[PDB]
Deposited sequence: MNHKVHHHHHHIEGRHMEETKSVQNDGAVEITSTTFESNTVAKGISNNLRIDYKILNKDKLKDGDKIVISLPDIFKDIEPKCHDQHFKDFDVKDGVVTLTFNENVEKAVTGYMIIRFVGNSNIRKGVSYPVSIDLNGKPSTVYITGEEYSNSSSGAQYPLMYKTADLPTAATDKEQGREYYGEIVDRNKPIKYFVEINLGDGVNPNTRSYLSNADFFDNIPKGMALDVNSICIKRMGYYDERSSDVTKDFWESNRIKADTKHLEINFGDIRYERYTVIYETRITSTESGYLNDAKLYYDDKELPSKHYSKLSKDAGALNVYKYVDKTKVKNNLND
């Protein structure tokens, strides 16, 4: 396949199988019709109902759809100055819920270095706050799964996050920042303005409450900042996700250094 300037040498997939929620890509070493089993298509550029107009190469990233069938091949055509050239990817299906719910549904971490403190049986880790006047940035990753396969995520009905901020700390309510990643989505997307505007965030200096509703295999991150108001021995931040008649805590202890 050669038009003149451009000689398409090869056309190869990352995996020659494709499945529901799984990252893949076409790679075209030198208009391209993708079928209805390819959601979330993205590398001039174009995406037009699964049709993509444009010694190097070109990677078109896609993700498999709900309507894939195990064993069935599906065409991707590659039309350059007429002369159309078709290759095939075979559908696959994994029983996703048959993987027993092992991945934690919430972590609460911080933008601090770690020190240890030896205890009667174990070391407690903690965030060392070196500078009392600079703020402490907490992150909270709700429904991560493994962090690459979105089928490792859950369905959480009536999800309602709730953090009591530690005594001697004060939440900057303006610092609150909710990122969202849908099942099919590629990157996080700042949905903070959407959540304030739809009456989901109730937050004073001592409290946080986000009402996510039905988390539908959706990874939410929650970044907020805090400031030291009063000296304490430590600062045990207590996050709590309430989902479908359950409660789940995450905890981040942090202490000031010797100064």
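Visitor: Write out the missing regions of the deposited sequence in sequence order, one range per stretch.
Guide: Missing C-alpha atoms (numbering from 1) occur across the ranges 1-23, 54-67, 81-88, 100-109, 315-335.
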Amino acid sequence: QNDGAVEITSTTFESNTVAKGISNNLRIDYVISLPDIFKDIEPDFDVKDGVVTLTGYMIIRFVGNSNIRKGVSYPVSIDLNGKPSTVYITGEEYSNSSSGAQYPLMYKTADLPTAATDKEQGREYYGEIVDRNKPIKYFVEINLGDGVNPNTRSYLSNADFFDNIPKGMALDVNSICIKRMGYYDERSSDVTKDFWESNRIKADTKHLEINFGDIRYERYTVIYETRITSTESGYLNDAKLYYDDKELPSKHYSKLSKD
From here on, numbers count along this sequence of modelled residues.
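Visitor: Mean CA temperature factor from the deposited coordinates, higher in 75-83 or in 156-164?
Guide: It is 75-83 that shows the higher mean C-alpha B-factor.
Visitor: Should the higher mean CA B-factor in the entry be assigned to 21-29 or to 5-13?
Guide: Comparing averages over the C-alpha atoms only gives 5-13.
Visitor: Whose C-alpha has the highest temperature factor in the PDB entry: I68, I215, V222, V51?
Guide: The record points to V51.
Visitor: From the list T114, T109, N143, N96, select the residue with the highest C-alpha B factor recorded in the entry.
Guide: Across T114, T109, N143, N96, the entry lists the biggest C-alpha B-factor for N96.
Visitor: Pull the Cα B-factor of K134 out of the PDB entry and bin it into the chain's lowest, middle or highest third.
Guide: For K134, whose C-alpha B-factor we compare with every modelled residue in the chain, the answer is the highest third.
Visitor: If you rank the chain by CA B-factor, which third does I178 end up in: lowest, middle or highest?
Guide: Tercile = lowest for this residue's CA B-factor.
Visitor: Sort the modelled residues of this chain by their C-alpha B factor and say whether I59 lands in the lowest, middle or highest third.
Guide: Within its chain, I59 is a middle-third residue by C-alpha B-factor, going by the deposited values.
Visitor: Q102: which third of its chain by C-alpha temperature factor?
Guide: Top third by C-alpha B-factor.
Visitor: Looking at the entry's B-factor column for C-alpha atoms only, identify whether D172 ranks in the lowest, middle or highest third of its chain.
Guide: Ranked within chain, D172 CA B lands in the middle tercile.
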